[PDB]
Amino acid sequence: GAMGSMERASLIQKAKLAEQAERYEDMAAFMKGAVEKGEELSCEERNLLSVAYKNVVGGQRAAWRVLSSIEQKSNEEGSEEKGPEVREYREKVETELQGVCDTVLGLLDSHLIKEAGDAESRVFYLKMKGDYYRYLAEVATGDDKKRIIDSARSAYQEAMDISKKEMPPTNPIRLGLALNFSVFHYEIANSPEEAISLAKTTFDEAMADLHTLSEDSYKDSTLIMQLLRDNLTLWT
Amino acid sequence: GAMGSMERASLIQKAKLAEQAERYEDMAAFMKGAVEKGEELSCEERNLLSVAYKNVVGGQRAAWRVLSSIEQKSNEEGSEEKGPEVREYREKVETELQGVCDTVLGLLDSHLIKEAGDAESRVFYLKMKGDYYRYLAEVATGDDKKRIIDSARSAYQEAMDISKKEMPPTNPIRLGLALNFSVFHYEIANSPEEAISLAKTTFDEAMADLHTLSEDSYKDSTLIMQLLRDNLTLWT
Amino acid sequence: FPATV
Amino acid sequence: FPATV
Ligand SMILES: C=CC(C)(C)OC[C@H]1O[C@H](O[C@@H]2C3=C(C(C)C)C[C@H](O)[C@]3(C)/C=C3/[C@@H](COC)CC[C@H]3[C@@H](C)[C@H]2O)[C@H](O)[C@@H](O)[C@@H]1O
Ligand SMILES: C=CC(C)(C)OC[C@H]1O[C@H](O[C@@H]2C3=C(C(C)C)C[C@H](O)[C@]3(C)/C=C3/[C@@H](COC)CC[C@H]3[C@@H](C)[C@H]2O)[C@H](O)[C@@H](O)[C@@H]1O
Ligand SMILES: [Mg+2]
Ligand SMILES: [Mg+2]
Ligand SMILES: [Mg+2]
Ligand SMILES: [Mg+2]
Ligand SMILES: [Mg+2]
Ligand SMILES: [Mg+2]
């Protein structure tokens, strides 16, 4: 590990600097180094880890979609053959994306999930595990695609079960998990009815729990609830 | 060279795909590979080279400025000492930026400039040489800072001299060179009067030559003229 | 695309 | 910052 010689606190500090500079690749590398120190992450540190990798892989996914679209058009009736280059470059981006997903899943498996006992950490990491299997599923085609989809589903499901037992319906992690699992159902698992049902139930149960919250907790929560509503409007 | 095994035409094709995907690091690496094939670049290819590196180093410069600002505040009266980390990370970004500038200057020196005989290629590459020395000057502090500034000035000046002899006043390369040399004067060389004089003369002489142009050439040209006007408005 | 967090 | 191209 190239971060093995840097203090944990310095890695955290530099991840925050990288976030301010929108240097998400650096941010992710700093937080990988911090995780590899072997200590549990605090609430704030977990968010630095998730945001860094979400942004790295988000950019990869956007680029992959651009290239996959060009590739699909290159294979339509009437398109001039243009050689292997579009496929090759799409594959290059895809392999880099898979590498980042594998790295995140490895951090979760070694050993963030096994040491996470509190609901807010365990649900968080299992959500991330579902998310990174979902990104693998978006580009998957071969013998293991179903296993990749089922790995995403299994991680999201375990997170869901814990979240419903241990967290209030307005908890932002619980809400975000439900949002993303609903998207998994719609876009990955060919289950739009399940996606809609989950988004609606989650929204309605959160609405009914808002009265228990402070102004600041209400602000959080309502923000993710609006994303659930946005997706429902797209889907209905 | 990791691109040594790829066909020149495939590198150009992939640079265009990378541009569409906003993958500027990849775009720059493809175009470095293309330059290293040893053949001159066409007009379109020159633009792919310049846009790729402009965007890579542009992002580095933006990040450097964020970190330099944090660093300067960390060294003001009353600021809590926070250790070496801000300086270290600013230095990391700075060294990466310098590396990219050195790479571009190396391509220009080996051997793009020496083989460029037509005004539109020679001025283009000399402008780039001024630009990348200017970016080195933005972060420079040591014994060689004056030499770095003078290297930028010398490249811009040779480009200026050729542009005025060989190109119409509305030529987009001539205009962009003048825009950037004016910014060099204002931001690097502590010569705001020269910056203003150059921007104004360039604008006025281009205005007087617009009547010779087609609609499409007018559209080009007028676009860079507006940038000259924008800078003049900022400076006066 | 739909929203995720 | 001023504009460059
Ligand atoms: C990089 C860290 C910085 C910029 C400092 O903080 C980012 C955000 O972290 C908090 O929000 C969190 C947060 C988001 C809210 C803005 C909706 C979007 C982020 O993807 C993040 C970190 C992610 C998650 C998901 C993580 O699933 C693994 C589950 C829901 C949500 C939770 C954890 C929210 O609680 C603050 O409450 C916000 O104010 C702040 O903007
Ligand atoms: C990556 C290539 C793609 C996106 C295909 O083209 C980019 C642009 O290239 C042309 O513009 C050029 C161009 C710009 C115009 C949009 C002002 C901004 C770019 O920095 C570029 C390539 C750069 C330069 C400077 C290069 O100094 C070394 C000198 C002026 C200008 C000239 C060369 C303009 O002529 C087209 O005329 C535009 O239509 C088109 O948007
Ligand atoms: Mg230590
Ligand atoms: Mg593949
Ligand atoms: Mg149910
Ligand atoms: Mg060949
Ligand atoms: Mg330095
Ligand atoms: Mg003069």
# chains A, B, ... in the order shown; residues from 1 in each chain; ligands from 1

call {"tool": "interface_residues", "arguments": {"of": "chain A", "to": "chain B", "cutoff": "7 Å", "atoms": "only C-alpha atoms", "output": "PyMOL selection string"}}
result
chain A and resi 10+14+21+63+66+85+89

call {"tool": "residues_around", "arguments": {"residues": "stretch 1-4 of chain C", "least_positions_apart": "2", "cutoff": "8 Å", "atoms": "only C-alpha atoms", "output": "mmCIF file with C-alpha atoms, in the first residue's frame"}}
result
data_model
loop_
_atom_site.group_PDB
_atom_site.id
_atom_site.type_symbol
_atom_site.label_atom_id
_atom_site.label_comp_id
_atom_site.auth_asym_id
_atom_site.auth_seq_id
_atom_site.Cartn_x
_atom_site.Cartn_y
_atom_site.Cartn_z
ATOM 1 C CA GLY A 176 -30.980 5.983 0.827
ATOM 2 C CA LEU A 179 -33.935 4.472 -2.844
ATOM 3 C CA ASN A 180 -31.035 2.496 -4.304
ATOM 4 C CA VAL A 183 -33.470 1.472 -8.479
ATOM 5 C CA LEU A 227 -35.572 11.633 -4.520
ATOM 6 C CA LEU A 228 -37.981 8.763 -3.883
ATOM 7 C CA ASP A 230 -38.742 11.999 -8.181
ATOM 8 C CA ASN A 231 -38.202 8.365 -9.106
ATOM 9 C CA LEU A 234 -40.370 9.056 -13.561
#

call {"tool": "residues_near_ligand", "arguments": {"ligand": "ligand 7", "cutoff": "8 Å", "atoms": "only C-alpha atoms and all ligand atoms", "output": "list in words"}}
result
residues 91, 92, 94, 95, 139 and 140 of chain B

call {"tool": "write_last_selection", "arguments": {"atoms": "N, CA and C atoms", "output": "compact mmCIF listing (two decimals), in the first residue's frame"}}
result
# COMPACT_ATOMS: atom_id res chain seq x y z
N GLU B 91 1.73 20.19 -2.76
CA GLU B 91 2.94 19.80 -3.47
C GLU B 91 2.69 18.59 -4.36
N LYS B 92 1.89 17.64 -3.89
CA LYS B 92 1.59 16.46 -4.71
C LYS B 92 0.89 16.87 -5.99
N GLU B 94 0.86 19.85 -7.33
CA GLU B 94 1.79 20.68 -8.10
C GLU B 94 2.78 19.82 -8.90
N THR B 95 3.33 18.77 -8.28
CA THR B 95 4.30 17.93 -8.97
C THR B 95 3.63 17.19 -10.13
N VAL B 139 2.98 28.20 -10.70
CA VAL B 139 3.34 27.47 -9.48
C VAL B 139 4.80 27.63 -9.10
N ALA B 140 5.58 28.37 -9.88
CA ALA B 140 7.01 28.45 -9.67
C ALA B 140 7.34 29.45 -8.57

call {"tool": "atom_distance", "arguments": {"atom1": "atom CA of residue B:132", "atom2": "atom CA of residue B:57"}}
result
8.9 Å

call {"tool": "residues_near_ligand", "arguments": {"ligand": "ligand 6", "cutoff": "9 Å", "atoms": "only C-alpha atoms and all ligand atoms", "output": "NGL selection string"}}
result
:B and (5-9 or 37)

call {"tool": "residues_near_ligand", "arguments": {"ligand": "ligand 8", "cutoff": "9 Å", "atoms": "only C-alpha atoms and all ligand atoms", "output": "list in words"}}
result
residues 194, 197, 198 and 201 of chain B

call {"tool": "atom_distance", "arguments": {"atom1": "atom CA of residue B:202", "atom2": "atom CA of residue B:168"}}
result
11.0 Å

call {"tool": "residues_near_ligand", "arguments": {"ligand": "ligand 1", "cutoff": "8 Å", "atoms": "only C-alpha atoms and all ligand atoms", "output": "PyMOL selection string"}}
result
(chain A and resi 16+19+44+46-52+54+123-128+172-177+220-221+223-224) or (chain C and resi 5)

call {"tool": "write_last_selection", "arguments": {"atoms": "N, CA and C atoms", "output": "JSON list (two decimals), in the first residue's frame"}}
result
[["chain", "number", "residue", "atom", "x", "y", "z"],
["A", 16, "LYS", "N", -10.31, 14.97, 3.07],
["A", 16, "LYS", "CA", -11.17, 16.15, 3.15],
["A", 16, "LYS", "C", -10.67, 17.26, 2.23],
["A", 19, "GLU", "N", -11.63, 16.22, -1.28],
["A", 19, "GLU", "CA", -13.05, 16.51, -1.49],
["A", 19, "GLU", "C", -13.26, 17.98, -1.85],
["A", 44, "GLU", "N", -18.49, 10.14, 10.12],
["A", 44, "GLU", "CA", -18.01, 11.11, 9.14],
["A", 44, "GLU", "C", -17.06, 10.45, 8.15],
["A", 46, "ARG", "N", -16.98, 7.29, 7.23],
["A", 46, "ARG", "CA", -17.73, 6.45, 6.32],
["A", 46, "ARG", "C", -18.25, 7.26, 5.14],
["A", 47, "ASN", "N", -18.75, 8.46, 5.39],
["A", 47, "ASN", "CA", -19.24, 9.31, 4.32],
["A", 47, "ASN", "C", -18.12, 9.71, 3.37],
["A", 48, "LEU", "N", -16.91, 9.98, 3.88],
["A", 48, "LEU", "CA", -15.81, 10.29, 2.99],
["A", 48, "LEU", "C", -15.49, 9.12, 2.08],
["A", 49, "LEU", "N", -15.51, 7.90, 2.62],
["A", 49, "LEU", "CA", -15.24, 6.71, 1.82],
["A", 49, "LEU", "C", -16.29, 6.57, 0.73],
["A", 50, "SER", "N", -17.57, 6.66, 1.11],
["A", 50, "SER", "CA", -18.62, 6.41, 0.14],
["A", 50, "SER", "C", -18.65, 7.48, -0.94],
["A", 51, "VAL", "N", -18.46, 8.75, -0.56],
["A", 51, "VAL", "CA", -18.56, 9.82, -1.54],
["A", 51, "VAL", "C", -17.41, 9.71, -2.54],
["A", 52, "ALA", "N", -16.22, 9.40, -2.05],
["A", 52, "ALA", "CA", -15.07, 9.31, -2.94],
["A", 52, "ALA", "C", -15.30, 8.27, -4.03],
["A", 54, "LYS", "N", -18.14, 6.76, -4.86],
["A", 54, "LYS", "CA", -19.34, 7.02, -5.65],
["A", 54, "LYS", "C", -19.00, 7.94, -6.80],
["A", 123, "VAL", "N", -25.54, -1.32, 8.12],
["A", 123, "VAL", "CA", -26.43, -1.01, 7.01],
["A", 123, "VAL", "C", -25.69, -0.21, 5.94],
["A", 124, "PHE", "N", -24.91, 0.78, 6.36],
["A", 124, "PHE", "CA", -24.13, 1.59, 5.44],
["A", 124, "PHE", "C", -23.22, 0.74, 4.55],
["A", 125, "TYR", "N", -22.44, -0.14, 5.15],
["A", 125, "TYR", "CA", -21.51, -0.94, 4.37],
["A", 125, "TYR", "C", -22.24, -1.95, 3.49],
["A", 126, "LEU", "N", -23.31, -2.56, 4.00],
["A", 126, "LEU", "CA", -24.06, -3.49, 3.16],
["A", 126, "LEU", "C", -24.74, -2.78, 2.00],
["A", 127, "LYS", "N", -25.24, -1.56, 2.22],
["A", 127, "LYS", "CA", -25.72, -0.75, 1.10],
["A", 127, "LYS", "C", -24.61, -0.55, 0.06],
["A", 128, "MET", "N", -23.42, -0.18, 0.51],
["A", 128, "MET", "CA", -22.31, 0.01, -0.42],
["A", 128, "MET", "C", -22.05, -1.29, -1.18],
["A", 172, "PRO", "N", -31.65, 8.70, 7.43],
["A", 172, "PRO", "CA", -31.17, 8.93, 6.06],
["A", 172, "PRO", "C", -30.54, 7.70, 5.41],
["A", 173, "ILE", "N", -29.80, 6.90, 6.17],
["A", 173, "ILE", "CA", -29.21, 5.68, 5.61],
["A", 173, "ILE", "C", -30.30, 4.71, 5.19],
["A", 174, "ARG", "N", -31.28, 4.47, 6.06],
["A", 174, "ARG", "CA", -32.42, 3.63, 5.70],
["A", 174, "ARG", "C", -33.11, 4.13, 4.43],
["A", 175, "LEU", "N", -33.35, 5.44, 4.34],
["A", 175, "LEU", "CA", -33.97, 6.01, 3.16],
["A", 175, "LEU", "C", -33.13, 5.82, 1.91],
["A", 176, "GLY", "N", -31.83, 6.11, 2.00],
["A", 176, "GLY", "CA", -30.98, 5.98, 0.83],
["A", 176, "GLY", "C", -30.84, 4.55, 0.36],
["A", 177, "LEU", "N", -30.77, 3.62, 1.31],
["A", 177, "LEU", "CA", -30.76, 2.20, 0.98],
["A", 177, "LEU", "C", -32.00, 1.84, 0.18],
["A", 220, "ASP", "N", -32.58, 16.88, 6.54],
["A", 220, "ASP", "CA", -32.12, 15.56, 6.13],
["A", 220, "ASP", "C", -33.39, 14.70, 6.12],
["A", 221, "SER", "N", -33.35, 13.60, 5.43],
["A", 221, "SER", "CA", -34.62, 12.84, 5.36],
["A", 221, "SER", "C", -35.59, 13.35, 4.27],
["A", 223, "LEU", "N", -34.93, 15.49, 2.23],
["A", 223, "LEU", "CA", -34.17, 15.58, 0.99],
["A", 223, "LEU", "C", -34.15, 14.25, 0.24],
["A", 224, "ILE", "N", -33.90, 13.15, 0.95],
["A", 224, "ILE", "CA", -33.93, 11.86, 0.27],
["A", 224, "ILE", "C", -35.36, 11.44, -0.09],
["C", 5, "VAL", "N", -28.29, 7.61, -4.14],
["C", 5, "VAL", "CA", -27.43, 8.31, -3.24],
["C", 5, "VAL", "C", -26.32, 7.47, -2.66]]

call {"tool": "residues_around", "arguments": {"residues": "residue A:189", "least_positions_apart": "2", "cutoff": "10 Å", "atoms": "only C-alpha atoms", "output": "VMD selection string"}}
result
chain A and resid 134 137 146 149 to 150 152 to 153 182 to 187 191 to 192 194 to 195

call {"tool": "write_last_selection", "arguments": {"atoms": "N, CA and C atoms", "output": "compact mmCIF listing (two decimals), in the first residue's frame"}}
result
# COMPACT_ATOMS: atom_id res chain seq x y z
N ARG A 134 -24.20 -3.77 -7.94
CA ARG A 134 -25.10 -3.23 -8.95
C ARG A 134 -24.32 -2.61 -10.10
N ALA A 137 -23.11 -5.25 -12.17
CA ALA A 137 -24.21 -5.83 -12.94
C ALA A 137 -24.56 -5.00 -14.16
N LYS A 146 -25.80 -13.49 -13.45
CA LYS A 146 -26.89 -13.73 -12.51
C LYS A 146 -26.37 -13.75 -11.09
N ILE A 149 -25.91 -10.13 -10.00
CA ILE A 149 -27.20 -9.57 -9.63
C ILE A 149 -27.65 -10.12 -8.29
N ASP A 150 -27.49 -11.43 -8.07
CA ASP A 150 -27.94 -11.98 -6.81
C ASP A 150 -27.09 -11.50 -5.64
N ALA A 152 -25.75 -8.45 -5.42
CA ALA A 152 -26.31 -7.14 -5.11
C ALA A 152 -27.58 -7.28 -4.29
N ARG A 153 -28.50 -8.13 -4.76
CA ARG A 153 -29.79 -8.33 -4.08
C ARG A 153 -29.58 -8.79 -2.65
N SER A 182 -34.63 0.15 -4.65
CA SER A 182 -35.71 0.37 -5.59
C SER A 182 -35.16 0.55 -7.00
N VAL A 183 -34.09 1.32 -7.16
CA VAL A 183 -33.47 1.47 -8.48
C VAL A 183 -32.90 0.14 -8.98
N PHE A 184 -32.26 -0.63 -8.10
CA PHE A 184 -31.85 -1.99 -8.45
C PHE A 184 -33.03 -2.78 -9.03
N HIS A 185 -34.16 -2.76 -8.33
CA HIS A 185 -35.31 -3.52 -8.83
C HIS A 185 -35.73 -3.05 -10.22
N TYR A 186 -35.74 -1.73 -10.44
CA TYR A 186 -36.25 -1.19 -11.69
C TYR A 186 -35.27 -1.43 -12.84
N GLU A 187 -33.98 -1.19 -12.62
CA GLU A 187 -33.00 -1.12 -13.71
C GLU A 187 -32.19 -2.39 -13.89
N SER A 191 -37.82 -5.69 -12.32
CA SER A 191 -38.94 -5.75 -11.37
C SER A 191 -39.49 -4.36 -11.08
N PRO A 192 -40.04 -3.68 -12.09
CA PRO A 192 -40.55 -2.32 -11.87
C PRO A 192 -41.64 -2.25 -10.82
N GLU A 194 -41.94 -4.01 -8.06
CA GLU A 194 -41.26 -4.02 -6.77
C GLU A 194 -40.56 -2.70 -6.51
N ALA A 195 -39.93 -2.12 -7.53
CA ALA A 195 -39.28 -0.83 -7.39
C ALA A 195 -40.27 0.24 -6.94

call {"tool": "calpha_fit_and_write", "arguments": {"fixed": "chain B", "moving": "chain A", "output": "tab-separated table (two decimals) with C-alpha atoms, in the first residue's frame"}}
result
chain	number	residue	atom	x	y	z
A	1	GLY	CA	5.39	4.01	-24.82
A	2	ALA	CA	2.27	2.08	-23.85
A	3	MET	CA	0.67	3.32	-27.11
A	4	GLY	CA	3.55	2.09	-29.27
A	5	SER	CA	1.63	-1.00	-30.41
A	6	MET	CA	-1.52	0.88	-31.44
A	7	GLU	CA	-2.09	2.16	-34.96
A	8	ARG	CA	-1.91	5.92	-35.41
A	9	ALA	CA	-5.40	6.00	-36.89
A	10	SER	CA	-6.77	3.99	-33.95
A	11	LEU	CA	-5.18	6.41	-31.48
A	12	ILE	CA	-6.82	9.36	-33.27
A	13	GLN	CA	-10.15	7.52	-33.33
A	14	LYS	CA	-9.90	6.77	-29.61
A	15	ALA	CA	-8.92	10.34	-28.77
A	16	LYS	CA	-12.20	11.43	-30.41
A	17	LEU	CA	-14.12	8.83	-28.39
A	18	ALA	CA	-12.41	9.98	-25.20
A	19	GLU	CA	-13.37	13.58	-26.02
A	20	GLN	CA	-17.02	12.55	-26.40
A	21	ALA	CA	-16.85	10.77	-23.03
A	22	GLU	CA	-15.01	13.71	-21.37
A	23	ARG	CA	-12.15	11.35	-20.53
A	24	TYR	CA	-9.43	13.93	-21.01
A	25	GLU	CA	-6.59	11.98	-19.38
A	26	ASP	CA	-7.21	9.14	-21.82
A	27	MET	CA	-7.61	11.61	-24.67
A	28	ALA	CA	-4.20	13.13	-23.84
A	29	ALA	CA	-2.51	9.74	-23.62
A	30	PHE	CA	-3.95	8.72	-27.01
A	31	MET	CA	-2.75	11.93	-28.61
A	32	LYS	CA	0.74	11.60	-27.01
A	33	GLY	CA	0.88	8.16	-28.63
A	34	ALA	CA	-0.17	9.64	-31.95
A	35	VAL	CA	2.47	12.39	-31.77
A	36	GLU	CA	5.09	9.77	-30.93
A	37	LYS	CA	4.42	8.00	-34.22
A	38	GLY	CA	6.63	10.75	-35.66
A	39	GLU	CA	4.33	12.12	-38.37
A	40	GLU	CA	3.08	15.69	-38.44
A	41	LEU	CA	-0.40	16.36	-37.07
A	42	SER	CA	-3.20	17.70	-39.22
A	43	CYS	CA	-5.25	20.75	-38.25
A	44	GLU	CA	-7.97	18.62	-36.62
A	45	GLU	CA	-5.41	16.45	-34.83
A	46	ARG	CA	-3.65	19.51	-33.41
A	47	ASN	CA	-6.93	20.58	-31.81
A	48	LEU	CA	-7.37	17.14	-30.23
A	49	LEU	CA	-3.89	17.40	-28.72
A	50	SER	CA	-4.40	20.90	-27.37
A	51	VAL	CA	-7.90	20.29	-25.98
A	52	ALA	CA	-6.87	17.11	-24.20
A	53	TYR	CA	-3.92	18.65	-22.34
A	54	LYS	CA	-5.73	21.95	-21.76
A	55	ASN	CA	-8.43	20.06	-19.90
A	56	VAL	CA	-6.05	17.80	-17.93
A	57	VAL	CA	-3.89	20.68	-16.75
A	58	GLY	CA	-6.94	22.90	-16.31
A	59	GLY	CA	-8.33	20.53	-13.72
A	60	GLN	CA	-4.93	20.31	-12.02
A	61	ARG	CA	-4.70	24.12	-11.91
A	62	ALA	CA	-8.17	24.43	-10.40
A	63	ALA	CA	-7.28	21.90	-7.69
A	64	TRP	CA	-3.91	23.57	-7.05
A	65	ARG	CA	-5.66	26.91	-6.56
A	66	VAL	CA	-8.10	25.41	-4.03
A	67	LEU	CA	-5.24	23.89	-2.05
A	68	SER	CA	-2.99	26.96	-2.31
A	69	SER	CA	-5.83	29.08	-0.93
A	70	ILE	CA	-6.30	26.73	2.03
A	71	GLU	CA	-2.54	26.75	2.58
A	72	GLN	CA	-2.31	30.54	2.55
A	73	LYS	CA	-5.14	30.81	5.08
A	74	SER	CA	-3.41	28.18	7.24
A	75	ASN	CA	-0.42	30.57	7.41
A	76	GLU	CA	-2.32	33.70	8.48
A	77	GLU	CA	-2.18	35.31	11.92
A	78	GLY	CA	-4.41	33.38	14.32
A	79	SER	CA	-4.70	30.15	12.32
A	80	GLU	CA	-4.28	26.92	14.26
A	81	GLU	CA	-1.28	24.90	13.13
A	82	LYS	CA	-2.57	21.81	11.33
A	83	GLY	CA	0.67	20.08	10.38
A	84	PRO	CA	2.37	19.47	7.04
A	85	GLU	CA	-0.58	17.89	5.26
A	86	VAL	CA	-1.92	20.89	3.32
A	87	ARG	CA	1.54	21.72	2.02
A	88	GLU	CA	2.21	18.08	1.22
A	89	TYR	CA	-0.99	17.63	-0.76
A	90	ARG	CA	-0.58	20.95	-2.57
A	91	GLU	CA	2.94	19.80	-3.47
A	92	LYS	CA	1.59	16.46	-4.71
A	93	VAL	CA	-0.88	18.17	-7.05
A	94	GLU	CA	1.79	20.68	-8.10
A	95	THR	CA	4.30	17.93	-8.97
A	96	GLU	CA	1.68	16.11	-11.05
A	97	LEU	CA	0.83	19.36	-12.87
A	98	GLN	CA	4.52	20.04	-13.53
A	99	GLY	CA	4.85	16.51	-14.87
A	100	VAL	CA	2.06	17.02	-17.37
A	101	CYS	CA	3.47	20.39	-18.46
A	102	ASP	CA	6.91	18.80	-18.89
A	103	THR	CA	5.34	16.03	-20.98
A	104	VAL	CA	3.62	18.50	-23.30
A	105	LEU	CA	6.73	20.65	-23.64
A	106	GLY	CA	8.67	17.50	-24.46
A	107	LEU	CA	6.27	16.60	-27.26
A	108	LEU	CA	6.57	20.14	-28.63
A	109	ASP	CA	10.38	19.93	-28.49
A	110	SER	CA	10.55	16.30	-29.78
A	111	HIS	CA	9.72	17.07	-32.49
A	112	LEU	CA	6.48	18.97	-33.28
A	113	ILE	CA	7.90	22.50	-33.40
A	114	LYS	CA	10.97	21.70	-35.49
A	115	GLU	CA	8.88	20.01	-38.22
A	116	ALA	CA	6.15	22.70	-38.30
A	117	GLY	CA	6.67	24.99	-41.29
A	118	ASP	CA	3.23	26.32	-42.12
A	119	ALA	CA	2.15	29.31	-40.06
A	120	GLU	CA	-0.99	27.60	-38.74
A	121	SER	CA	0.98	24.75	-37.24
A	122	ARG	CA	4.06	26.69	-36.10
A	123	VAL	CA	2.04	29.43	-34.35
A	124	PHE	CA	-0.22	26.79	-32.78
A	125	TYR	CA	2.64	24.83	-31.25
A	126	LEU	CA	4.53	27.93	-30.10
A	127	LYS	CA	1.33	29.17	-28.44
A	128	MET	CA	1.08	25.83	-26.65
A	129	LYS	CA	4.72	26.17	-25.57
A	130	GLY	CA	3.95	29.60	-24.08
A	131	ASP	CA	0.82	28.22	-22.42
A	132	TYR	CA	2.62	25.30	-20.69
A	133	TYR	CA	5.51	27.51	-19.53
A	134	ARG	CA	2.85	29.90	-18.22
A	135	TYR	CA	1.28	27.07	-16.19
A	136	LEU	CA	4.74	26.20	-14.85
A	137	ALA	CA	5.16	29.88	-13.95
A	138	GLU	CA	1.88	29.96	-12.02
A	139	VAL	CA	3.34	27.47	-9.48
A	140	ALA	CA	7.01	28.45	-9.67
A	141	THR	CA	8.96	29.95	-6.76
A	142	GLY	CA	12.67	29.03	-7.03
A	143	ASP	CA	15.89	30.02	-8.78
A	144	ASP	CA	14.42	29.25	-12.22
A	145	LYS	CA	11.10	31.12	-11.95
A	146	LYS	CA	12.40	34.03	-14.00
A	147	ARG	CA	13.72	31.67	-16.63
A	148	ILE	CA	10.35	29.94	-16.73
A	149	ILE	CA	8.57	33.27	-17.23
A	150	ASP	CA	11.07	34.24	-19.90
A	151	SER	CA	10.57	30.89	-21.66
A	152	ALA	CA	6.82	31.54	-21.82
A	153	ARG	CA	7.43	35.09	-23.09
A	154	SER	CA	9.92	33.96	-25.74
A	155	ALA	CA	7.57	31.30	-27.13
A	156	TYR	CA	4.58	33.65	-27.19
A	157	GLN	CA	6.70	36.35	-28.82
A	158	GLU	CA	7.95	34.11	-31.64
A	159	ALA	CA	4.37	32.97	-32.21
A	160	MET	CA	3.20	36.61	-32.25
A	161	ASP	CA	5.83	37.63	-34.77
A	162	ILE	CA	4.87	34.80	-37.18
A	163	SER	CA	1.14	35.36	-36.68
A	164	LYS	CA	1.36	39.05	-37.59
A	165	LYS	CA	3.40	38.34	-40.71
A	166	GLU	CA	1.55	35.26	-41.98
A	167	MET	CA	-2.07	35.30	-40.73
A	168	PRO	CA	-5.00	37.68	-41.09
A	169	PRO	CA	-6.00	39.59	-37.97
A	170	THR	CA	-9.16	37.49	-37.66
A	171	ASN	CA	-7.40	34.11	-37.77
A	172	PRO	CA	-8.66	32.16	-34.72
A	173	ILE	CA	-5.16	30.93	-33.80
A	174	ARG	CA	-3.76	34.47	-34.05
A	175	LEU	CA	-6.64	35.72	-31.88
A	176	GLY	CA	-6.28	32.99	-29.26
A	177	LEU	CA	-2.53	33.52	-29.08
A	178	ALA	CA	-3.09	37.22	-28.44
A	179	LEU	CA	-5.74	36.48	-25.80
A	180	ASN	CA	-3.40	34.17	-23.89
A	181	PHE	CA	-0.29	36.35	-24.25
A	182	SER	CA	-2.35	39.26	-22.91
A	183	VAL	CA	-3.29	37.10	-19.92
A	184	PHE	CA	0.40	36.20	-19.49
A	185	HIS	CA	1.19	39.92	-19.34
A	186	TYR	CA	-1.55	40.60	-16.79
A	187	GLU	CA	-1.20	37.59	-14.47
A	188	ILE	CA	2.40	36.41	-14.84
A	189	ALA	CA	4.59	39.30	-15.99
A	190	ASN	CA	3.13	42.10	-13.85
A	191	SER	CA	2.42	44.12	-17.01
A	192	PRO	CA	-1.28	45.04	-16.96
A	193	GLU	CA	-0.79	47.97	-19.35
A	194	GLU	CA	0.76	45.65	-21.94
A	195	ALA	CA	-2.05	43.14	-21.40
A	196	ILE	CA	-4.71	45.80	-21.99
A	197	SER	CA	-2.91	47.31	-24.99
A	198	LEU	CA	-2.51	43.93	-26.65
A	199	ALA	CA	-6.13	42.89	-26.07
A	200	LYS	CA	-7.44	46.21	-27.42
A	201	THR	CA	-5.23	46.37	-30.51
A	202	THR	CA	-6.00	42.73	-31.33
A	203	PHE	CA	-9.73	43.31	-30.95
A	204	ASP	CA	-9.76	46.49	-33.04
A	205	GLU	CA	-7.69	45.02	-35.89
A	206	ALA	CA	-9.89	41.93	-36.00
A	207	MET	CA	-13.05	44.10	-36.08
A	208	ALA	CA	-11.67	45.85	-39.17
A	209	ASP	CA	-11.02	42.53	-40.99
A	210	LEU	CA	-14.37	40.86	-40.35
A	211	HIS	CA	-15.79	42.21	-43.62
A	212	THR	CA	-13.58	39.82	-45.58
A	213	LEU	CA	-15.05	36.70	-44.00
A	214	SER	CA	-17.76	34.17	-44.70
A	215	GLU	CA	-20.56	33.68	-42.18
A	216	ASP	CA	-18.84	30.66	-40.66
A	217	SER	CA	-15.43	32.31	-40.39
A	218	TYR	CA	-17.14	35.38	-38.90
A	219	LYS	CA	-18.74	33.16	-36.25
A	220	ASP	CA	-15.31	31.76	-35.43
A	221	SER	CA	-13.22	34.80	-34.70
A	222	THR	CA	-16.10	36.84	-33.23
A	223	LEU	CA	-16.25	34.18	-30.54
A	224	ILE	CA	-12.64	34.75	-29.50
A	225	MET	CA	-13.04	38.51	-29.94
A	226	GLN	CA	-15.72	38.39	-27.27
A	227	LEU	CA	-13.21	36.79	-24.90
A	228	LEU	CA	-10.81	39.67	-25.53
A	229	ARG	CA	-13.64	42.08	-24.74
A	230	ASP	CA	-14.55	40.12	-21.62
A	231	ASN	CA	-10.99	40.39	-20.34
A	232	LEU	CA	-10.81	44.10	-21.14
A	233	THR	CA	-14.02	44.63	-19.16
A	234	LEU	CA	-12.53	42.74	-16.20
A	235	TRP	CA	-9.38	44.87	-16.39
A	236	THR	CA	-10.80	48.37	-16.95

call {"tool": "select_by_dssp", "arguments": {"residues": "stretch 14-235 of chain A", "states": "alpha helix (DSSP H)", "output": "count of residues only"}}
result
169
